[PDB]
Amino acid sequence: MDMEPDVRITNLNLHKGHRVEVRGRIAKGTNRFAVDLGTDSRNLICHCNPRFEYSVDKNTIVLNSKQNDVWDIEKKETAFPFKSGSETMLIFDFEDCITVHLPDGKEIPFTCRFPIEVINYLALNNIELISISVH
């Protein structure tokens, strides 16, 4: 991948009915960043990928899932409450349907593409960790 790998967490043990809050500083001048959740690096239930400019996307959020290292079909959100070099916060509610809380107060649904009962893997790409909290 092109992005700079930042923090990874393994053995996260995040079960359904719980949420993860990710705060961090978006890389200055970056084209895109991502927060990934899943079972391991090859198996992502949620790849949340705001793009300043990448591929055909400009100030768009791409969401996707990855199974055995193959990407599923992208879903795209046009709301874009981000600025590179700035702090941001994303909250992920883990249920049968994931809810991504954007920092502008919008909630984006993303249904689980594959059955999963525990998220053990979390990764940050092109965003420097400030804090991660689970509730």
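We number the residues from 1 along the sequence you see.
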| query | Do the C-alpha atoms of 67-75 or of 44-52 have the higher average B factor in the entry? | reply | 67-75
| said: Looking at the temperature factor on the CA atom of residue 29, which third of the chain's modelled residues does it land in? | reply: highest
| said: Splitting the chain's C-alpha B-factors into thirds, which one does residue 108 fall into? | reply: highest
| Split the chain's modelled residues into thirds by Cα B-factor; is residue 36 in the lowest, middle or highest one? | lowest
| query | Would the CA B-factor of residue 12 place it in the lowest, middle or highest third of its chain? | reply | highest
| query | Among the modelled residues of its chain, does the C-alpha B-factor of residue 62 lie in the lowest, middle or highest third? | reply | middle
